Amino acid sequence: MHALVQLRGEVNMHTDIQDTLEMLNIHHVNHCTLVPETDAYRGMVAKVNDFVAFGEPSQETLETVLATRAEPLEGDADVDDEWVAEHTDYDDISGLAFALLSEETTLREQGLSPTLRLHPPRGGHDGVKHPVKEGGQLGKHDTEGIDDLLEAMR
Amino acid sequence: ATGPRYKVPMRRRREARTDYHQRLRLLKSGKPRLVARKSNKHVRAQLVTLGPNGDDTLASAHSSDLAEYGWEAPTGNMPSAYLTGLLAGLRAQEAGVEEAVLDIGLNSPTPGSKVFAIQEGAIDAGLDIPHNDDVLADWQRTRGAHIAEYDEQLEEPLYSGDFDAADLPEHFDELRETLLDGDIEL
Amino acid sequence: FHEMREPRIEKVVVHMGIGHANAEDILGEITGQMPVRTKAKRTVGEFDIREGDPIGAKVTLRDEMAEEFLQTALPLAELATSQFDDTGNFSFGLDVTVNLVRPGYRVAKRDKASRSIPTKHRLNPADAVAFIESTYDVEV
Amino acid sequence: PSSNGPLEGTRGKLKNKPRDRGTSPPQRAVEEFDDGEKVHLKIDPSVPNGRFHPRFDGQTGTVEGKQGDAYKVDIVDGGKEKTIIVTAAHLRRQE
Amino acid sequence: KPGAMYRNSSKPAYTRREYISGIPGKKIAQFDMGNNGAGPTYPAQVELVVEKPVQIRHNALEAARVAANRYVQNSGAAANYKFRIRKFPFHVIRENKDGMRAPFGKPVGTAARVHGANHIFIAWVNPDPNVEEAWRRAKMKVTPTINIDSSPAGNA
RNA sequence: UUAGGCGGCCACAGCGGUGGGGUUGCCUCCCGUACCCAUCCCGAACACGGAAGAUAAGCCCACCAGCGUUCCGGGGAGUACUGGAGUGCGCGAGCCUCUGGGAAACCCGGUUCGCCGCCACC
RNA sequence: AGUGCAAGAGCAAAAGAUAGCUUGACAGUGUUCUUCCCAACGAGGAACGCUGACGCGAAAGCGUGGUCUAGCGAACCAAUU
RNA sequence: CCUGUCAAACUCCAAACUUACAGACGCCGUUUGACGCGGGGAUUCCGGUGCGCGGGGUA
Ligand SMILES: [Cl-]
Ligand SMILES: [Cl-]
Ligand SMILES: [Mg+2]
Ligand SMILES: [Mg+2]
Ligand SMILES: [Mg+2]
Ligand SMILES: [Mg+2]
Ligand SMILES: [Mg+2]
Ligand SMILES: [Mg+2]
Ligand SMILES: [Mg+2]
Ligand SMILES: [Mg+2]
Ligand SMILES: [Mg+2]
Ligand code: NA
Ligand code: NA
Ligand code: NA
Ligand code: NA
Ligand code: NA
Ligand code: NA
């Protein structure tokens, strides 16, 4: 399970690439979704590779982001432990997070919006003109690498 | 053989055994084929159908297993051929087969030929086959009369020991008569 | 092994390659059976432009008809060696060719399951000279 | 294209690899298909008759009845529904 | 006319003589020079390596070769060495010599397409590299920058 | 399948070569022209009738890789080329990095001297 | 190689050659594709059927002209069945 | 035998890639009716640029 974050806008990006992001529930810059590691999903993220940031986040980080930017399928409601417990199969955020990470369920299945609308990275990101191996912020990241981005956009 | 571009004929064309152009026209009918084949000493008659991995023979008759019914004469002649045809024709009927088309392989469509005799027999057995009566022998030759008369010009038995000296087209009737009722494997 | 390996005469072709005939008559008597026309291929300067056109005849003799012929033909020829085929044949003379081969030749001349004769079972120039020379005459 | 005949630009698709050259096996020219089956369309360079327009080489249609010995296969050209008259010689069962 | 007009390999390969007529003959006199009777049985083997894909008109090939071999007469008319220009001008070249209407040009020459790193010239010498000099003058008459490379020769 | 007939795939089956096999199930060569039939001339072939002989052909069986073919290992080669991305480089031609794919020739070593179906049959 | 003619393609117990026989280069009426990718548009063309009558073949079958893609023409008026 | 080179109208080979159909996941539709069908009304048929692949041309 990988965390996907659109870092580049729609203007000028191939249409078949944009549709893919839309099929993955991301319709705006900085929006983030969680995606299972499957053949079918793998191909998708590969096609989206140059306009996004992805990687496997740590239990903690997912928990921080879930708490800070998760939302009900509809409404303002804060997704906190209580919400999680009174609305999902799990008893608290950590429980949810773990399930997500082990790809046992999904944000929809638990009545949550498939998208974590993140905040701009505090301190800024490494650039959207180069990949990670080059000092940029595009492409696959380290678990420690994804965590920093996600945490900066917490 | 010579190079990567070389064209090697289909196996059955190499062996000079199957005429594919005739085969295709034959398969057009969508009916079973009445395979009429010969050997120096024998005559075979098969009813073949088309299959996923090759042809399927649903009924056959060999001039050898003719004796199995009382044949005591040579098996590479006209009377032999007809009977083998009738025998396979009957076994065919038993198998639920009602019609077929004559496949004579690489043999020639000569009038009064043994393959046509085979065809005549299969038809009489009850099999429905597209044919032409005046391309067939005149019954007597089918009976084996041409050979009996040939022995009339005796001086020396046409048959080395075998059976009879003046041969028997009658032995033919007795056999056809036999095949037309009861008996095992029919 | 032998008996089925020993040579034999298979057809003797006597043909008169004329260039446009009355010649058949003599071929008929010299051999004993009707001659066959010899059409030609290609249009050429020897006023021989006609494709289908009688330009000679031939006669293929088999069995006795061939021996009874060679029993006078050979005597009218001297030559031998070099003038022999690589398959054990030879032509002398009005032409008279003699095709020689061993017992299982039909395998290559029949319709069903035909097959080319194996080089080993072929007749060599030498094995040929022997057979014929051993029949009323001398080689070279 | 310099011309607009049906065989324009079909040099490749209607030519056999030197080894597949010559009369094709009869087994596939007699194959029987049932209405509803999915069949791949591909002209056999060696088989003259029963062909369809080269543009459809590659299509995968649905057998829906026949005409004579030839089959009637329904395909969809772009967004248009079309029916193609084709013999077994140029058809193959999908899967 | 300037090499500027034909030195790039941006056009499609145009070499089918069955569809092109009136192609000028090549100015290249020989491809095998020196002792062509002998085989490469020499201690040293130096090569002239082109450093960029380019098109080289038979014009330049002949001038470059002459300038090299004509100089290799620092060893003598029948000296002990063999010189080889391995490329041939296959690419036919046109010129549109009406304005841009019906502009497909008419054949005016031929050139050889050499890719960066190929060797256009190869000489064979005994420890007597005057050839190294024959090439400083050779790559002087061809468009690209070049690399003078020595192969069998650890006799430095 | 101690030899057969009809086939499917249509060279992994081709080309070439070695050895073995038949009073019989057999297939052949083979022997022979009164008949059906036949050669623009020949019972060569085709067709018909038949066993004196043979295992020499064919065919069946076992095997050989020199040539051709199929597939595989290792090397060539993650090279050539390439779908996506870049305020990376270069006067430019063009190149480079990240991402997803990925060859051909050739060399060396294996493989391949057919596989499979239906019927018939000491 | 040959297969009438460009080019490309097809074809070997043939689609080529020879021989013999025959007029299916037949009347009628369609299905489909093409012309016009997708995507509407005429004439024309082709593929594949059916009805009828025929040719050849033992027969399956083949023949809706020539192996395939060029060789074509609206309305009005005339002549013709 | 050895040795030096090529192909838009060459091919014993052969990608990336494009593409028909089917299943899966995704997304979408069943009060926002998708897919599709029928009808009304158009505008439009001077285009341009970047990038990739091009063909012509010294450019
Ligand atoms: Cl037979
Ligand atoms: Cl069509
Ligand atoms: Mg909301
Ligand atoms: Mg700030
Ligand atoms: Mg920045
Ligand atoms: Mg092409
Ligand atoms: Mg033996
Ligand atoms: Mg036609
Ligand atoms: Mg008018
Ligand atoms: Mg008129
Ligand atoms: Mg394309
Ligand atoms: Na074929
Ligand atoms: Na002008
Ligand atoms: Na230079
Ligand atoms: Na004549
Ligand atoms: Na034998
Ligand atoms: Na029309």
# chains A, B, ... in the order shown; residues from 1 in each chain; ligands from 1

$ interface_residues --of "chain F" --to "chain D" --cutoff "10 Å" --atoms "only C-alpha atoms (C1' of nucleotides)" --output "ChimeraX atom specification"
/F:8-11

$ write_last_selection --atoms "N, CA and C atoms (P, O5', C5', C4', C3', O3' and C1' of nucleotides)" --output "PDB file, in the first residue's frame"
ATOM      1  P     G F   8      -5.107 -33.332 -42.160  1.00  0.00           P
ATOM      2  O5'   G F   8      -4.887 -32.934 -40.634  1.00  0.00           O
ATOM      3  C5'   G F   8      -6.017 -32.602 -39.796  1.00  0.00           C
ATOM      4  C4'   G F   8      -5.564 -32.344 -38.387  1.00  0.00           C
ATOM      5  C3'   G F   8      -4.478 -31.299 -38.238  1.00  0.00           C
ATOM      6  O3'   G F   8      -4.985 -29.970 -38.285  1.00  0.00           O
ATOM      7  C1'   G F   8      -3.899 -33.213 -36.971  1.00  0.00           C
ATOM      8  P     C F   9      -4.187 -28.850 -39.121  1.00  0.00           P
ATOM      9  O5'   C F   9      -2.817 -28.667 -38.319  1.00  0.00           O
ATOM     10  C5'   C F   9      -2.775 -27.961 -37.075  1.00  0.00           C
ATOM     11  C4'   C F   9      -1.431 -28.137 -36.411  1.00  0.00           C
ATOM     12  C3'   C F   9      -0.204 -27.678 -37.180  1.00  0.00           C
ATOM     13  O3'   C F   9      -0.038 -26.257 -37.114  1.00  0.00           O
ATOM     14  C1'   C F   9       0.234 -29.748 -36.106  1.00  0.00           C
ATOM     15  P     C F  10       0.193 -25.399 -38.472  1.00  0.00           P
ATOM     16  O5'   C F  10       1.353 -26.160 -39.256  1.00  0.00           O
ATOM     17  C5'   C F  10       2.705 -26.082 -38.787  1.00  0.00           C
ATOM     18  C4'   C F  10       3.592 -27.078 -39.495  1.00  0.00           C
ATOM     19  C3'   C F  10       4.100 -26.688 -40.880  1.00  0.00           C
ATOM     20  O3'   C F  10       5.364 -27.292 -41.101  1.00  0.00           O
ATOM     21  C1'   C F  10       2.855 -28.653 -41.055  1.00  0.00           C
ATOM     22  P     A F  11       6.662 -26.375 -41.241  1.00  0.00           P
ATOM     23  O5'   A F  11       7.890 -27.387 -41.131  1.00  0.00           O
ATOM     24  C5'   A F  11       7.801 -28.595 -40.345  1.00  0.00           C
ATOM     25  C4'   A F  11       9.178 -29.128 -40.066  1.00  0.00           C
ATOM     26  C3'   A F  11      10.018 -28.179 -39.245  1.00  0.00           C
ATOM     27  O3'   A F  11       9.706 -28.305 -37.881  1.00  0.00           O
ATOM     28  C1'   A F  11      11.272 -28.844 -41.117  1.00  0.00           C
TER      29        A F  11
END

$ interface_residues --of "chain F" --to "chain E" --cutoff "12 Å" --atoms "only C-alpha atoms (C1' of nucleotides)" --output "ChimeraX atom specification"
/F:92-95

$ write_last_selection --atoms "N, CA and C atoms (P, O5', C5', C4', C3', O3' and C1' of nucleotides)" --output "PDB file, in the first residue's frame"
ATOM      1  P     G F  92      22.560  25.302 -28.914  1.00  0.00           P
ATOM      2  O5'   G F  92      22.441  24.383 -30.202  1.00  0.00           O
ATOM      3  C5'   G F  92      21.788  24.867 -31.378  1.00  0.00           C
ATOM      4  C4'   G F  92      22.344  24.182 -32.589  1.00  0.00           C
ATOM      5  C3'   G F  92      22.051  22.697 -32.691  1.00  0.00           C
ATOM      6  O3'   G F  92      20.788  22.539 -33.322  1.00  0.00           O
ATOM      7  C1'   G F  92      24.342  23.100 -33.129  1.00  0.00           C
ATOM      8  P     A F  93      19.944  21.192 -33.121  1.00  0.00           P
ATOM      9  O5'   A F  93      20.789  20.067 -33.885  1.00  0.00           O
ATOM     10  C5'   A F  93      20.661  19.819 -35.308  1.00  0.00           C
ATOM     11  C4'   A F  93      21.659  18.761 -35.752  1.00  0.00           C
ATOM     12  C3'   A F  93      21.555  17.413 -35.056  1.00  0.00           C
ATOM     13  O3'   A F  93      20.590  16.562 -35.647  1.00  0.00           O
ATOM     14  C1'   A F  93      23.802  18.118 -34.997  1.00  0.00           C
ATOM     15  P     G F  94      19.422  15.934 -34.743  1.00  0.00           P
ATOM     16  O5'   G F  94      20.155  15.304 -33.481  1.00  0.00           O
ATOM     17  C5'   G F  94      21.114  14.257 -33.631  1.00  0.00           C
ATOM     18  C4'   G F  94      22.151  14.354 -32.546  1.00  0.00           C
ATOM     19  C3'   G F  94      21.791  13.747 -31.203  1.00  0.00           C
ATOM     20  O3'   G F  94      21.994  12.345 -31.181  1.00  0.00           O
ATOM     21  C1'   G F  94      22.712  15.868 -30.846  1.00  0.00           C
ATOM     22  P     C F  95      21.285  11.465 -30.045  1.00  0.00           P
ATOM     23  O5'   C F  95      22.048  11.879 -28.709  1.00  0.00           O
ATOM     24  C5'   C F  95      23.438  11.571 -28.542  1.00  0.00           C
ATOM     25  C4'   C F  95      23.974  12.212 -27.291  1.00  0.00           C
ATOM     26  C3'   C F  95      23.402  11.705 -25.979  1.00  0.00           C
ATOM     27  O3'   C F  95      24.023  10.504 -25.557  1.00  0.00           O
ATOM     28  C1'   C F  95      23.397  14.049 -25.958  1.00  0.00           C
TER      29        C F  95
END

$ closest_atom_pairs --of "chain D" --to "ligand 12" --cutoff "10 Å" --atoms "only C-alpha atoms and all ligand atoms" --output "JSON lines"
{"residue": "D:16", "atom": "CA", "partner": "ligand 12", "partner_atom_place_in_ligand_line": "1 (Na)", "distance": 7.3}
{"residue": "D:17", "atom": "CA", "partner": "ligand 12", "partner_atom_place_in_ligand_line": "1 (Na)", "distance": 9.1}
{"residue": "D:18", "atom": "CA", "partner": "ligand 12", "partner_atom_place_in_ligand_line": "1 (Na)", "distance": 9.4}
{"residue": "D:19", "atom": "CA", "partner": "ligand 12", "partner_atom_place_in_ligand_line": "1 (Na)", "distance": 8.2}
{"residue": "D:20", "atom": "CA", "partner": "ligand 12", "partner_atom_place_in_ligand_line": "1 (Na)", "distance": 4.7}
{"residue": "D:21", "atom": "CA", "partner": "ligand 12", "partner_atom_place_in_ligand_line": "1 (Na)", "distance": 4.8}
{"residue": "D:22", "atom": "CA", "partner": "ligand 12", "partner_atom_place_in_ligand_line": "1 (Na)", "distance": 4.6}
{"residue": "D:23", "atom": "CA", "partner": "ligand 12", "partner_atom_place_in_ligand_line": "1 (Na)", "distance": 4.8}
{"residue": "D:24", "atom": "CA", "partner": "ligand 12", "partner_atom_place_in_ligand_line": "1 (Na)", "distance": 3.8}
{"residue": "D:25", "atom": "CA", "partner": "ligand 12", "partner_atom_place_in_ligand_line": "1 (Na)", "distance": 7.1}
{"residue": "D:44", "atom": "CA", "partner": "ligand 12", "partner_atom_place_in_ligand_line": "1 (Na)", "distance": 7.2}
{"residue": "D:45", "atom": "CA", "partner": "ligand 12", "partner_atom_place_in_ligand_line": "1 (Na)", "distance": 7.1}
{"residue": "D:46", "atom": "CA", "partner": "ligand 12", "partner_atom_place_in_ligand_line": "1 (Na)", "distance": 5.0}
{"residue": "D:47", "atom": "CA", "partner": "ligand 12", "partner_atom_place_in_ligand_line": "1 (Na)", "distance": 7.6}

$ interface_residues --of "chain G" --to "chain C" --cutoff "12 Å" --atoms "only C-alpha atoms (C1' of nucleotides)" --output "MDAnalysis selection string"
chainID G and resid 13 17:18

$ residues_near_ligand --ligand "ligand 9" --cutoff "9 Å" --atoms "only C-alpha atoms (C1' of nucleotides) and all ligand atoms" --output "MDAnalysis selection string"
chainID G and resid 75:77

$ residues_near_ligand --ligand "ligand 14" --cutoff "7 Å" --atoms "only C-alpha atoms (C1' of nucleotides) and all ligand atoms" --output "list in words"
residues 139, 140, 141, 142, 143, 144, 145 and 146 of chain E

$ residues_near_ligand --ligand "ligand 13" --cutoff "12 Å" --atoms "only C-alpha atoms (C1' of nucleotides) and all ligand atoms" --output "PyMOL selection string"
chain E and resi 98-103

$ interface_residues --of "chain B" --to "chain F" --cutoff "7 Å" --atoms "only C-alpha atoms (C1' of nucleotides)" --output "list in words"
residues 1, 2, 3, 8, 10, 11, 53, 54, 55, 56, 57, 110, 111, 112, 113, 137, 146 and 150 of chain B

$ select_by_dssp --residues "stretch 72-150 of chain E" --states "strand (DSSP E or B)" --output "NGL selection string"
:E and (82-85 or 91-95 or 106-114 or 119-125 or 146-150)

$ residues_around --residues "residue B:162" --least-positions-apart "4" --cutoff "8 Å" --atoms "only C-alpha atoms (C1' of nucleotides)" --output "PDB file with N, CA, C and O atoms, in the first residue's frame"
ATOM      1  N   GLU B  72     -12.749 -68.215 -48.672  1.00  0.00           N
ATOM      2  CA  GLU B  72     -11.666 -69.154 -48.844  1.00  0.00           C
ATOM      3  C   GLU B  72     -10.922 -68.851 -50.141  1.00  0.00           C
ATOM      4  O   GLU B  72     -10.170 -69.684 -50.641  1.00  0.00           O
ATOM      5  N   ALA B  73     -11.113 -67.644 -50.667  1.00  0.00           N
ATOM      6  CA  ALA B  73     -10.465 -67.249 -51.915  1.00  0.00           C
ATOM      7  C   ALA B  73      -9.495 -66.094 -51.748  1.00  0.00           C
ATOM      8  O   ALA B  73      -9.365 -65.518 -50.666  1.00  0.00           O
ATOM      9  N   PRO B  74      -8.791 -65.743 -52.833  1.00  0.00           N
ATOM     10  CA  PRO B  74      -7.850 -64.631 -52.753  1.00  0.00           C
ATOM     11  C   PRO B  74      -8.638 -63.393 -52.299  1.00  0.00           C
ATOM     12  O   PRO B  74      -9.873 -63.386 -52.370  1.00  0.00           O
TER      13      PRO B  74
END

$ residues_around --residues "residue A:104" --least-positions-apart "6" --cutoff "10 Å" --atoms "only C-alpha atoms (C1' of nucleotides)" --output "CSV table (one decimal) with N, CA and C atoms, in the first residue's frame"
chain,number,residue,atom,x,y,z
A,36,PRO,N,-3.5,0.2,-3.0
A,36,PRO,CA,-3.0,-1.2,-2.8
A,36,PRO,C,-2.0,-1.5,-3.9
A,96,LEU,N,-7.5,1.5,12.1
A,96,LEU,CA,-7.8,1.7,10.7
A,96,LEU,C,-6.6,1.7,9.9
A,98,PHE,N,-3.6,0.5,10.4
A,98,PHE,CA,-3.0,-0.8,10.2
A,98,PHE,C,-3.7,-1.6,9.1

$ closest_atom_pairs --of "chain C" --to "ligand 15" --cutoff "12 Å" --atoms "only C-alpha atoms and all ligand atoms" --output "Markdown table"
| residue | atom | partner | partner_atom_place_in_ligand_line | distance |
| --- | --- | --- | --- | --- |
| C:21 | CA | ligand 15 | 1 (Na) | 11.7 |
| C:35 | CA | ligand 15 | 1 (Na) | 11.3 |
| C:36 | CA | ligand 15 | 1 (Na) | 8.2 |
| C:37 | CA | ligand 15 | 1 (Na) | 6.2 |
| C:38 | CA | ligand 15 | 1 (Na) | 8.3 |
| C:39 | CA | ligand 15 | 1 (Na) | 7.9 |
| C:40 | CA | ligand 15 | 1 (Na) | 11.5 |
| C:52 | CA | ligand 15 | 1 (Na) | 8.5 |
| C:53 | CA | ligand 15 | 1 (Na) | 8.2 |
| C:54 | CA | ligand 15 | 1 (Na) | 7.4 |
| C:55 | CA | ligand 15 | 1 (Na) | 10.9 |
| C:56 | CA | ligand 15 | 1 (Na) | 11.3 |
| C:57 | CA | ligand 15 | 1 (Na) | 10.8 |

$ write_last_selection --atoms "N, CA, C and O atoms" --output "short mmCIF file (atom, residue, chain, number, x, y, z; two decimals), in the first residue's frame"
data_model
loop_
_atom_site.label_atom_id
_atom_site.label_comp_id
_atom_site.auth_asym_id
_atom_site.auth_seq_id
_atom_site.Cartn_x
_atom_site.Cartn_y
_atom_site.Cartn_z
N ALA C 21 7.87 -37.10 -89.27
CA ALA C 21 7.79 -36.95 -90.71
C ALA C 21 7.92 -38.32 -91.36
O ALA C 21 7.88 -39.35 -90.67
N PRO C 35 5.43 -44.95 -83.89
CA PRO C 35 6.31 -43.88 -83.42
C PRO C 35 5.46 -42.75 -82.87
O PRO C 35 4.25 -42.69 -83.13
N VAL C 36 6.07 -41.86 -82.11
CA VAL C 36 5.34 -40.74 -81.55
C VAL C 36 5.92 -39.42 -82.01
O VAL C 36 7.13 -39.24 -82.06
N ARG C 37 5.03 -38.50 -82.36
CA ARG C 37 5.42 -37.18 -82.82
C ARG C 37 6.31 -36.51 -81.78
O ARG C 37 6.29 -36.87 -80.61
N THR C 38 7.09 -35.54 -82.23
CA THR C 38 7.97 -34.81 -81.34
C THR C 38 7.79 -33.31 -81.55
O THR C 38 8.44 -32.70 -82.39
N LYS C 39 6.88 -32.72 -80.78
CA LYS C 39 6.63 -31.29 -80.87
C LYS C 39 7.88 -30.60 -80.33
O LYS C 39 8.71 -31.23 -79.68
N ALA C 40 8.00 -29.31 -80.58
CA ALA C 40 9.16 -28.58 -80.10
C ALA C 40 8.76 -27.35 -79.30
O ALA C 40 7.64 -26.86 -79.40
N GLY C 52 3.82 -25.83 -81.19
CA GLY C 52 3.33 -27.18 -81.41
C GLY C 52 3.65 -27.49 -82.86
O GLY C 52 3.12 -26.84 -83.76
N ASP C 53 4.51 -28.48 -83.10
CA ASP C 53 4.90 -28.80 -84.46
C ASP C 53 5.69 -30.09 -84.58
O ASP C 53 6.69 -30.28 -83.90
N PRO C 54 5.25 -31.00 -85.45
CA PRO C 54 5.96 -32.26 -85.63
C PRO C 54 7.39 -31.98 -86.10
O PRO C 54 7.60 -31.32 -87.12
N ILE C 55 8.38 -32.45 -85.34
CA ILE C 55 9.78 -32.23 -85.69
C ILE C 55 10.60 -33.47 -85.37
O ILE C 55 11.78 -33.38 -85.02
N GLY C 56 9.97 -34.63 -85.47
CA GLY C 56 10.67 -35.85 -85.18
C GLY C 56 9.80 -36.83 -84.43
O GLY C 56 8.70 -36.49 -83.98
N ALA C 57 10.28 -38.05 -84.30
CA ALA C 57 9.53 -39.07 -83.60
C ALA C 57 10.45 -39.92 -82.75
O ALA C 57 11.68 -39.91 -82.90
#

$ residues_around --residues "residue D:5" --least-positions-apart "2" --cutoff "10 Å" --atoms "only C-alpha atoms (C1' of nucleotides)" --output "list in words"
residues 1, 2, 3, 7, 8 and 9 of chain D; 34, 35, 45, 69 and 70 of chain G
